[PDB]
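All values below were derived from every heavy atom in this structure, side-chain atoms included, with hydrogens, water molecules and symmetry-related copies excluded. Naming: A, B, ... by sequence-line order, numbering from 1 per chain.
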6 protein chains.
Amino acid sequence: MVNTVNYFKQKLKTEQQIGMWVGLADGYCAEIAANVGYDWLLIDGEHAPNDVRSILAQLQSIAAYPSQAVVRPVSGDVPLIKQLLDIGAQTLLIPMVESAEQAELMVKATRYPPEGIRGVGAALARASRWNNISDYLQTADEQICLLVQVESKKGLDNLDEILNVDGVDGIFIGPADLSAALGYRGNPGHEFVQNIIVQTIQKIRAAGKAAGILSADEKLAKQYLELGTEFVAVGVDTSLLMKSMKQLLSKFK
Amino acid sequence: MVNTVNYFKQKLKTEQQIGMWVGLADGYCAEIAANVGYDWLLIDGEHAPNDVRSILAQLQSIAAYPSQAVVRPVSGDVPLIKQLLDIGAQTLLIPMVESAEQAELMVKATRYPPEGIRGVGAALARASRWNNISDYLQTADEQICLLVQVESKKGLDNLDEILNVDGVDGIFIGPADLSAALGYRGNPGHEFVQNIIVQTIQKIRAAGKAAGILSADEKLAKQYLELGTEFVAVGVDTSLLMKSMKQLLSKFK
Amino acid sequence: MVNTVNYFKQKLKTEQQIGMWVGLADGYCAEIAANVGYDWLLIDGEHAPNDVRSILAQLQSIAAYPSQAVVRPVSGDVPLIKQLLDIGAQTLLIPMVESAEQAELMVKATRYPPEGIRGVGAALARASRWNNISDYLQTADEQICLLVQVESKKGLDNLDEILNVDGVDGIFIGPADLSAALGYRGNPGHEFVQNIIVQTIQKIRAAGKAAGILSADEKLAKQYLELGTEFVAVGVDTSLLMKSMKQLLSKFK
Amino acid sequence: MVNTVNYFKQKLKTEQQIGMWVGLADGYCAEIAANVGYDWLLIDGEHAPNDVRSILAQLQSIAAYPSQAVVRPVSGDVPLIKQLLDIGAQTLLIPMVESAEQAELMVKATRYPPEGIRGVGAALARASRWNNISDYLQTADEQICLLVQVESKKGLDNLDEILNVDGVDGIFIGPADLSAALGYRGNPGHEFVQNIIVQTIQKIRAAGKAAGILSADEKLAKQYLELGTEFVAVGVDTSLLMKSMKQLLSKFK
Amino acid sequence: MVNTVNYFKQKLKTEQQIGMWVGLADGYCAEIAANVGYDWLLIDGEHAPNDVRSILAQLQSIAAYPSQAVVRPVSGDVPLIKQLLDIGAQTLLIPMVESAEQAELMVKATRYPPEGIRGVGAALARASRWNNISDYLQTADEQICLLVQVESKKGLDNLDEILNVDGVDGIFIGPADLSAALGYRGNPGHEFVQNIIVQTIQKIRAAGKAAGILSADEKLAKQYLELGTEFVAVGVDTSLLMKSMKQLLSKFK
Amino acid sequence: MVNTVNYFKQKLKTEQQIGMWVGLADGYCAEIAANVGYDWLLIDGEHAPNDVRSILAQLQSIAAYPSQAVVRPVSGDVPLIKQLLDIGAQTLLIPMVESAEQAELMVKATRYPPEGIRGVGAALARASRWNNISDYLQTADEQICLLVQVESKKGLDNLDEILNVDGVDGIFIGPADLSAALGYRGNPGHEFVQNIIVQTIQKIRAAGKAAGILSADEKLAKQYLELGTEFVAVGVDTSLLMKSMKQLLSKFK
Ligand SMILES: O=C(O)C(=O)C[C@@H](O)[C@H](O)CO
Ligand SMILES: O=C(O)C(=O)C[C@@H](O)[C@H](O)CO
Ligand SMILES: O=C(O)C(=O)C[C@@H](O)[C@H](O)CO
Ligand SMILES: O=C(O)C(=O)C[C@@H](O)[C@H](O)CO
Ligand SMILES: O=C(O)C(=O)C[C@@H](O)[C@H](O)CO
Ligand SMILES: O=C(O)C(=O)C[C@@H](O)[C@H](O)CO
Ligand SMILES: [Ca+2]
Ligand SMILES: [Ca+2]
Ligand SMILES: [Mg+2]
Ligand SMILES: [Mg+2]
Ligand SMILES: [Mg+2]
Ligand SMILES: [Mg+2]
Ligand SMILES: [Mg+2]
Ligand SMILES: [Mg+2]
């Protein structure tokens with residue numbers, strides 16, 4: 001077996017990838033989402049009730065389907081990153097990255113020694129398919145993709161520095177945390193927030209990195225796609241479930 | 001503590017109850033559905049991957065919310081009916097009921113001896129809140145609601161006899177099984193099938209029982225409500241989740 | 001490895017075994033019970049929300065401790081008896097046994113062909129410790145104990161015939177179902193019910209079988225032990241948990 | 001999406017398929033087995049501690065890999081067959097089939113009305129990918145494969161009758177149950193047993209059906225493959241795990 | 001929907017709330033506790049085998065009942081506090097708080113930017129009921145209650161500074177850790193320890209904060225209630241289960 | 001009940017203990033390993049998909065069997081160490097220990113105050129059997145065994161200092177991490193790496209501590225036992241499972 005090819009990572013340079021947020025925290029729900037045809041599925045370990053074991057079950061469901069999995073850990077925690085890479089998550093989205101120093105540590109967290117600090121346990125790992133991928137320890141680093149989130153004033157204050165970190169493949173902008181950080185909590189639609197988001201996307205792409213964002217607003221999502229944003233999540237499974245059930249009931253109240 | 005009042009059962013005589021099918025088989029998904037405001041939620045133990053323990057978790061989720069839980073067991077299995085009643089399901093929907101003799105057996109399966117054959121285990125049961133409902137063994141039978149499904153030619157061949165069974169509170173028509181039985185598998189919309197459904201609903205109500213049905217077709221659902229159908233399920237969580245994700249992707253393909 | 005010795009089964013002829021009902025349906029709760037020192041623990045697959053997998057977890061917990069495990073399946077279902085024996089339950093309590101014919105079928109359900117109808121799958125079974133018990137298929141039958149419950153008028157009507165079945169090790173009287181069947185639901189303490197229980201215990205022991213019963217009433221339990229009842233369950237984990245929390249709150253209201 | 005093609009079923013006529021028994025009852029263990037390259041993996045619901053939900057998790061793991069899944073239910077139970085088909089098991093191995101009448105009922109259990117009695121619930125089913133396979137109710141029956149086990153004297157007494165049942169794709173011989181039924185429990189290697197197995201395979205193939213068997217004995221397995229046996233399981237995951245760990249310890253005792 | 005009202009938080013100023021420790025780490029056991037009528041239930045993520053997912057199941061169970069849930073995380077970990085708030089825990093008890101600086105960080109951990117550092121993920125959260133609480137991000141902070149534990153010499157050394165932190169609603173004294181820190185491990189009943197607890201309670205209340213404590217000793221508990229302690233836990237589910245089973249067995253030995 | 005004796009700890013001074021790595025992360029798989037007769041079983045919480053709850057289930061499985069459980073947490077996290085000690089892990093293997101200061105912190109993390117910083121929660125803990133071990137808080141520290149891993153250049157740069165820490169019972173060498181740190185990722189067999197391992201084992205034993213290692217290479221394992229290495233793991237469950245299935249398939253390809 002050759003290592004699983006990270007098509008999400010390759011496509012960061014060749015196309016615009018449409019994503020779905022997966023917060024239903026369940027292998028069965030993850031499989032339903034995997035049938036739809038999204039370019040990527042974000043398995044949310046930060047804001048959905050997930051742990052390593054529930055994330056593994058969702059990787060296993062999704063693996064049969066072309067959709068690429070991206071995992072967001074609860075924080076940029078080196079041991080947790082180690083665990084998520086070993087269960088076979090090839091793309092990580094680190095929340096609340098705020099400095100070049102923190103971004104560099106997240107790069108190292110994803111790479112084996114001697115260049116990185118990723119713990120070695122290939123005999124045990126779904127990532128190597130329990131050494132059925134025979135050259136895994138040589139080929140692993142190449143198919144790993146590191147995305148970091150800028151979603152605080154401190155992150156924006158360190159954007160040029162983060163964008164100069166070799167090994168950051170992409171910067172994702174989270175309008176919820178960012179709008180709240182800017183004192184517009186629950187109102188990311190405000191011009192003050194939007195102008196900052198647009199400038200941030202332009203700077204990301206100007207530094208040769210992939211830009212990403214989430215918007216459930218179709219107009220904002222198509223606007224970000226017209227700017228060239230490489231990875232755009234266009235909704236959230238929990239929101240689509242709740243909204244579809246509410247809209248149906250409303251026809252009968 | 002007094003026994004939980006089965007408002008679903010009472011409302012069979014006073015209003016038309018709008019329902020949602022719950023096949024996501026998960027306490028977290030069940031809770032999302034419970035927030036919407038459906039009169040009833042059908043926890044599907046026949047066609048979703050549920051067992052006693054996953055149905056219990058969904059009853060516990062839904063219990064904080066006004067929505068009434070109805071449970072469909074995989075078949076009219078007396079021991080399984082005993083297990084679902086003890087975890088505290090107060091309304092059961094029995095699939096594939098085909099005779100008065102079978103319907104009478106389902107009635108007994110729901111009632112304590114000496115009048116029925118429901119096994120006694122009140123010390124252990126969520127149904128009695130572990131005897132915190134102190135008169136449970138005297139008050140239980142009154143808050144249990146039995147629904148049966150007619151979805152075969154044999155059931156339609158025994159409809160008058162089923163409708164004469166004291167203890168059957170409602171007959172639910174399953175258009176999927178029924179249209180397939182009638183040789184229109186996948187096409188319940190056909191006039192031959194629809195005329196049989198309308199006459200069946202009329203005969204059910206004429207005999208003083210509640211009629212029920214599921215249609216995800218808004219027009220058919222509103223037609224069934226115009227006939228006075230007492231319990232109408234108008235959608236399915238798995239279907240709404242898949243369709244909402246597909247419709248969203250299609251805006252970006 | 002030699003087959004696990006069924007000490008419960010041996011002690012049916014040598015002492016009076018004190019039991020605890022385990023209906024908390026959980027490996028962790030089962031282990032707490034296992035620490036107390038009861039002779040036997042009844043893992044209730046009939047009136048607690050258990051399945052094969054949760055019963056296995058409770059056998060594994062209890063296995064480190066001297067307490068003997070007894071499993072009650074939901075019904076005398078031959079395939080379910082097969083499953084419980086293969087996960088390693090060496091004593092079964094079959095509810096609602098009503099004839100010599102049913103009791104004989106329960107005997108056969110617990111023995112390998114050619115004498116019985118127990119499905120053969122020793123390579124896969126915790127019962128054989130995956131063939132680490134090398135002579136398991138020769139030695140299994142000796143360490144299996146079959147108990148049946150008489151808890152209906154029909155069972156009482158067939159008691160002499162059930163007591164003549166070679167292979168029934170014990171008859172357990174369930175006062176909840178029996179009092180309900182007799183038209184005293186929730187009031188097993190009535191003299192009419194108690195005279196029938198005493199006569200039943202006497203007949204069981206006169207036929208050389210072990211008699212068993214459950215009572216949470218200390219006085220009734222010690223009365224049953226004075227009669228020579230061989231296996232007496234003296235409480236239920238759910239009841240003791242609920243009662244001890246209620247009694248505590250009452251000191252503070 | 002077109003229905004998943006049942007390559008196991010097609011290959012019953014074109015090659016000899018090598019199988020592995022999966023009794024570790026776990027999605028993670030099932031994935032390890034799925035990486036090896038077996039033609040088929042038997043997910044054992046009869047002799048391993050599996051339920052519908054654990055079998056679903058193993059189908060999801062295996063689905064990413066070319067190995068074909070076969071599910072053995074605990075018995076030929078029509079509602080359980082319905083559940084296993086809806087979670088997407090395309091090949092079933094029914095234990096302890098003993099008559100043409102029982103084999104015919106198992107055929108019907110796998111086919112939609114009006115020709116069969118498989119319950120219709122395609123909106124809810126992984127089998128239809130929640131109707132993402134748009135013609136599922138028309139295309140399903142074609143990719144379903146029914147295997148039955150002959151493993152009792154009564155089965156052998158009805159072999160010609162079972163082999164004349166249209167819709168039985170294959171007969172699997174279980175040497176453990178059969179050797180025990182013949183009074184050679186734990187010794188299927190005996191000439192009396194082997195001659196019966198060989199004659200049985202010859203009769204199966206002469207009637208145009210696929211023959212199958214399990215042997216962990218390499219010589220017996222290659223002997224059955226030389227006879228033309230179409231589906232041969234050559235070991236058991238629980239046995240290989242236990243034997244590999246025992247052999248390793250023995251080098252160090 | 002309006003945000004769930006935190007009645008525990010309100011009652012800190014109006015009454016003395018009686019609590020039960022919940023360490024059985026199970027949704028089913030949590031529901032049994034929920035039925036008793038305690039003012040509050042402490043779901044112990046520090047000393048019982050709980051994770052985010054098992055705490056969620058226990059919140060869902062308890063939510064149907066009047067008892068208020070309080071969650072103790074394993075440590076004052078900001079990302080873990082984020083996760084517990086998003087699953088809907090409205091009151092947190094932070095163990096081993098030792099400085100005003102740590103207490104201030106715990107305050108911030110519970111409030112959205114720009115005033116705090118709580119991660120924003122309202123679309124995904126049971127806390128917002130997946131945005132069915134439409135003004136959640138404006139109304140969340142008011143219904144969150146922060147309790148901190150003082151249970152080390154260093155905490156006692158910083159008590160006045162911790163009591164001056166705006167946003168700490170209550171200080172809970174843990175006599176187990178505190179007696180151990182003081183060199184009386186396992187003997188909190190000693191006068192040296194009790195004088196320090198009484199002085200600590202007095203200082204807490206003098207600073208306008210709520211005081212809390214746990215004692216399974218009825219006399220110590222009523223002494224703490226006579227001092228005006230606002231939240232008093234009076235027992236532990238594991239202890240009551242083990243003690244009630246031991247006391248029962250002792251009547252029969 | 002007296003505290004469970006840690007025979008693994010005692011045997012560090014009296015014999016050479018043969019170990020098996022347990023990364024199948026499942027109570028059922030752990031039990032299979034427990035039957036084999038290894039001196040110790042390493043429940044891997046670093047490189048297998050385990051959490052506190054799945055490690056507890058494996059401790060409960062293994063507890064019926066002579067094999068001693070050792071738990072590797074994901075990192076030297078003080079709160080996580082507290083959780084694993086309370087579920088009753090008596091021997092811990094800390095990964096990536098790099099200084100005497102870190103080793104001393106791990107010592108304290110394992111000991112109750114006032115000498116250590118282990119949180120006190122004996123009423124709740126399987127470790128105390130919920131206080132059924134009545135003197136647990138006085139007897140606990142004696143049966144806890146602390147192992148640390150040296151697997152970085154920084155650890156080797158601090159080896160003498162780590163070996164001078166009272167409370168470190170053993171130092172385990174992880175050839176995977178170590179060979180990678182040394183710039184021979186995937187090639188621990190290299191003479192440069194092996195000479196460093198031999199000198200390290202010699203220095204560990206010279207300082208009166210137990211030396212440990214894992215090699216799946218029989219020759220290297222027997223070489224390490226010839227040097228007097230006190231605890232030697234000789235295989236990994238996931239590896240043995242995958243290799244045994246692959247070797248079997250290869251006989252039939
Ligand atoms: O896309 C963002 O802004 C995120 O980082 C996370 C997501 O959970 C939102 O907060 C939805 O509420
Ligand atoms: O409503 C009906 O027709 C049912 O009885 C069951 C439901 O599963 C549908 O068949 C969805 O496909
Ligand atoms: O002992 C009996 O009577 C039983 O067979 C079952 C037990 O669950 C009781 O019904 C408690 O309510
Ligand atoms: O192959 C057979 O004989 C079976 O039908 C099942 C299998 O479990 C064996 O009994 C192994 O013990
Ligand atoms: O109340 C306290 O002292 C605690 O903080 C925790 C509780 O677990 C006890 O330690 C019980 O042993
Ligand atoms: O023994 C070692 O080298 C370890 O520390 C961990 C183990 O996971 C191996 O790396 C297997 O790949
Ligand atoms: Ca289950
Ligand atoms: Ca977990
Ligand atoms: Mg964010
Ligand atoms: Mg139907
Ligand atoms: Mg009974
Ligand atoms: Mg068989
Ligand atoms: Mg404490
Ligand atoms: Mg290592």
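Within a 6.0 Å radius of CZ in D/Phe252, more than 12 heavy atoms belonging to other residues, nucleotides or ligands are found. For D/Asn195, the CG atom counts as densely surrounded, since its 6.0 Å shell holds more than 12 non-hydrogen atoms of other residues, nucleotides or ligands. Environment of CG in C/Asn164: sparse, with no more than 12 heavy atoms of neighbouring residues, nucleotides or ligands closer than 6.0 Å.
At least one donor-acceptor pair closer than 3.5 Å links the side chain of D/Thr238 to the backbone N or O of C/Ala123.
Between the CG atom of D/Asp77 and the CG atom of C/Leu80 there is a distance of 11.5 Å, given to the nearest 0.5 Å. Between the CG atom in C/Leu124 and the CG atom in D/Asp237 there is a gap of 7.5 Å [rounded to 0.5 Å]. To the nearest 0.5 Å, atoms CE (D/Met242) and CZ (C/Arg129) are separated by 9.5 Å.
Interface remark: D/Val236 contributes side-chain atoms only to the contact with chain C (heavy atom separation under 4.5 Å). Contacts between D/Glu151 and chain C at a heavy-atom distance below 4.5 Å are absent for every atom of the residue. The contact between D/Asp44 and chain C is made entirely by side chain atoms (from C-beta outward), counting heavy-atom distances below 4.5 Å. Residue contact with chain C, scored on non-hydrogen atoms closer than 4.5 Å, involves the backbone and the side chain of D/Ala25 alike. Neither the backbone nor the side chain of C/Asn131 comes within less than 4.5 Å of any heavy atom of chain D. In this structure, no portion of C/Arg126 lies under 4.5 Å from any heavy atom of chain D.
Considering only heavy-atom pairs separated by less than 4.5 Å from chain C, the leading option among D/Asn50, D/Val74, D/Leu24 is D/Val74. Per-residue counts of heavy-atom pairs under 4.5 Å with chain C were compared for D/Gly45, D/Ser54, D/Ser179, D/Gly23; the largest is that of D/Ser54.
Taking both residues in full, the closest heavy atoms of D/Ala180 and C/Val120 are given as CB-CG2, 3.8 Å, listed atom of the first, atom of the second, then distance. Across every non-hydrogen atom of C/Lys82 and D/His47, the tightest pair is CD-CE1, 3.9 Å. In this structure, C/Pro114 and D/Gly183 approach most closely via the heavy-atom pair CG-CA, 4.1 Å. The heavy-atom pair separating D/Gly186 from C/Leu137 by the smallest distance is CA-CD1, 3.7 Å.
C/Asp141 and D/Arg185 are joined by a salt bridge, as a carboxylate oxygen and a charged side-chain nitrogen come within less than 4.0 angstrom of each other.
For the residue pair D/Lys246 / C/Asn132, a side-chain donor-acceptor distance below 3.5 Å is found, with atom types taken as modelled.
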